[PDB]
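Engineer: I'd like to ask you about the structure that follows.
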Amino acid sequence: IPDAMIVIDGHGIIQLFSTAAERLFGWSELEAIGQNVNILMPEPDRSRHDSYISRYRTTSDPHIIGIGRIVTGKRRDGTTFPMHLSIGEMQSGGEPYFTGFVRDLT
Amino acid sequence: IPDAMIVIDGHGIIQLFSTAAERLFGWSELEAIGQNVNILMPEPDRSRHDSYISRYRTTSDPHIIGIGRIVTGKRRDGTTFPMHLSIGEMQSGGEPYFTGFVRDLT
Amino acid sequence: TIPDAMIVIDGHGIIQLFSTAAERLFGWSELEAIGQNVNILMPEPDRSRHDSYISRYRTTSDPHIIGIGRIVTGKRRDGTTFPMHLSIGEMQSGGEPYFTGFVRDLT
Amino acid sequence: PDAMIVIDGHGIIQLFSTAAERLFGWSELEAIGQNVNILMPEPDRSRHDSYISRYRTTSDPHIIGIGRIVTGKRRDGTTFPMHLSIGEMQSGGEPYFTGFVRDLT
Ligand code: HEM
Ligand code: HEM
Ligand code: HEM
Ligand code: HEM
Ligand SMILES: [Cl-]
Ligand SMILES: [Cl-]
Ligand code: NA
């Protein structure tokens, strides 16, 4: 049943990668944790994603947080697929984390 | 940064339940989803938790969101344990969800 | 009456207890506040001097705020400040002094 | 984390810490507004009001600043040994008493 869930820290590093995220993206949770979230997308988003997070931390002007967007994901096997993305922010131990929920559109 | 994560909707219904949550509380994600998150807690919190959610949706005045709190959790086998909670708020598909990080303090 | 935001420190300003209402007011959970100096809860230069306030009190026994209370400026985890009324008590446990603080948010 | 209770100076519970709830079995909301004498067996239970009143008149302490091992009572009625430390503080010209409870079990 459930959609894929990914948590990142304030610098884009994967901290949690749900069971449905493993099935969808192909990475095991252990492989995904400690990698930049930018591994889960094609170019050009892959190269720009660090700047997207940094721009948000500086300005607190959201573009997908609380808004959602249809984007293209990339699996461990290199294939791409359309997906809808919802993102949230929270604080834990005084530091920011971002929660993403991924609906596989295919 | 704890590995146990739970996501609820705006009525306290479990939407996602991470593998570490499963081990800690003793409920599988498949069983957990669709149940109120209050199954994971002892009284008196159990019977009041819906009112805490509704109160927050009314006031927007967090008691735990962005602050954190040590509370008592209850496992499926009825045993209780100290845990720290970090809760965040997010929106997906136009509705609120709450993201909870659970740190077992046993 | 008395406030529900209560803080207990030892004789060196280290937080020992941090009540639920104090967590909400200051934005720190007890897990992180306990073991830190109470001076984390105040702006400068009070923060840098608060240890001296306590230690000089323990040597002189001349109270300023104890038993009287005072409106002071507090500071939250997120760095925002706010006026607050502070009531302080002193007690002994196991031959060591502790101080009990009750905080009223005046925002 | 240790059990703390604050009374007014008729013995009514004002604050009841999380460790206090775990120890005595009363929720904070239940405890607040009850006389602290609920937390002890007889004969102390029936006499505790007089002890506070006697302190307020005489200012002669017996446990304040001194401490004592006494017997406490849980909500479920069971008794247990505990060490108590008590302090006084004022606000509004009215005393409040702060109690720290060590469960000796
Ligand atoms: C895997 C496919 C993903 C793609 C293609 C993607 C793409 C993008 C894009 C295009 C933006 C900038 C939006 C704009 O400027 O219009 C952005 C921002 C951001 N993304 Fe992602 N992202 C993906 C996954 C994630 C995940 C899983 C998370 C968190 C777990 C995340 C966190 C963020 C954050 C925190 C921002 C800054 C906040 C904002 O601008 O609203 N991203 N992303
Ligand atoms: C399982 C053990 C849990 C316990 C004992 C518990 C207890 C509480 C308490 C006591 C409050 C109110 C604070 C107060 O009135 O002083 C509260 C509020 C709330 N809880 Fe929980 N909770 C638990 C788990 C969760 C989880 C896992 C989530 C979300 C995934 C959650 C979501 C919320 C929300 C949204 C509020 C209101 C927001 C706020 O006041 O900051 N709870 N909870
Ligand atoms: C967080 C905001 C606080 C501020 C801005 C603050 C400020 C001060 C100041 C300015 C003094 C010296 C008073 C003077 O000499 O005129 C003082 C003394 C003192 N404070 Fe604090 N304080 C704070 C919190 C606390 C808390 C929560 C406690 C105890 C739980 C505490 C315990 C003491 C003690 C024991 C003294 C010396 C006793 C006395 O002067 O009567 N303080 N504080
Ligand atoms: C729950 C178990 C408790 C027991 C068995 C107990 C027992 C006693 C006894 C025997 C005395 C008289 C001392 C004497 O005459 O030698 C006394 C006095 C007193 N108690 Fe308690 N007490 C308990 C809890 C508390 C708590 C939790 C507080 C405050 C938060 C408190 C506040 C006082 C005060 C203010 C006095 C008078 C002050 C003094 O004589 O030092 N008591 N108590
Ligand atoms: Cl003592
Ligand atoms: Cl002792
Ligand atoms: Na009550």
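Engineer: Measure out, as a whole number of angstrom, how far apart the alpha-carbon centroids of the stretch D:30-100 and the stretch A:85-102 sit.
Structural biologist: One Cα centre to the other: 47 Å.
Engineer: Another question, then. Pairs of Cα atoms under 8 Å, at least six residues apart: use those to get the relative contact order of chain A, whole percent.
Structural biologist: It comes to 28 percent, rounded to a whole number.
Engineer: Under 18 Å from the Cα of A:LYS74, which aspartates and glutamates turn up, not counting those fewer than eight places away in the same chain?
Structural biologist: A:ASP3, A:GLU22, A:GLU29, A:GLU31, A:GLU43, A:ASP45, A:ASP50, A:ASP104
Engineer: Hey, what number do you get for the protein assembly as shown at 222 nm if only DSSP H runs of n ≥ 4 count, each worth -39500 (n - 2.57), divided across all residues, to the nearest 500?
Structural biologist: -7000 deg cm²/dmol
Engineer: Let me ask you something else. In Å and on Cα atoms, what radius of gyration and Dmax does the stretch A:27-80 show?
Structural biologist: 12.5, 35
Engineer: Moving on to the next point. Once you list every other residue whose beta carbon is under 11 Å from the beta carbon of D:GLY25, what net charge do they have if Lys and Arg are +1 and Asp and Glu are -1?
Structural biologist: With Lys, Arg at +1 and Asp, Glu at -1, the net is +1.
Engineer: Translational diffusion coefficient of chain A at 37 °C, 0.692 mPa s, Stokes-Einstein with Kirkwood Rh over Cα pairs, in µm²/s as a whole number.
Structural biologist: In µm²/s, the coefficient is 237.
Engineer: Could you calculate the FRET efficiency of A:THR80 with B:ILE33 from 1/(1 + (r/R0)^6), where r is the beta carbon distance between them and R0 is 22 Å, rounded to 0.05?
Structural biologist: Result of the calculation: an efficiency of 0.15.
Engineer: Could you tally the net charge around C:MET84, taking each other residue with its Cβ under 11 Å from the Cβ of C:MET84, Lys/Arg +1 and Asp/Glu -1?
Structural biologist: +3
Engineer: What angle do you read, to the nearest 10 degrees and between 0 and 90, between the alpha-carbon axis of helix C:46-60 and the longest principal axis of chain C?
Structural biologist: It works out to around 20 degrees.
Engineer: While we're here: Rounded to a whole number, what is D in µm²/s for the protein assembly as shown from Stokes-Einstein with the Kirkwood radius over alpha-carbon pairs (4 °C, 1.567 mPa s)?
Structural biologist: 54 µm²/s
Every number here is computed from the coordinates shown, using simple stated rules; none is lab data. Please note: Cβ atoms are built from the backbone with ideal geometry, for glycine as well, and neighbour counts cover all protein chains shown.
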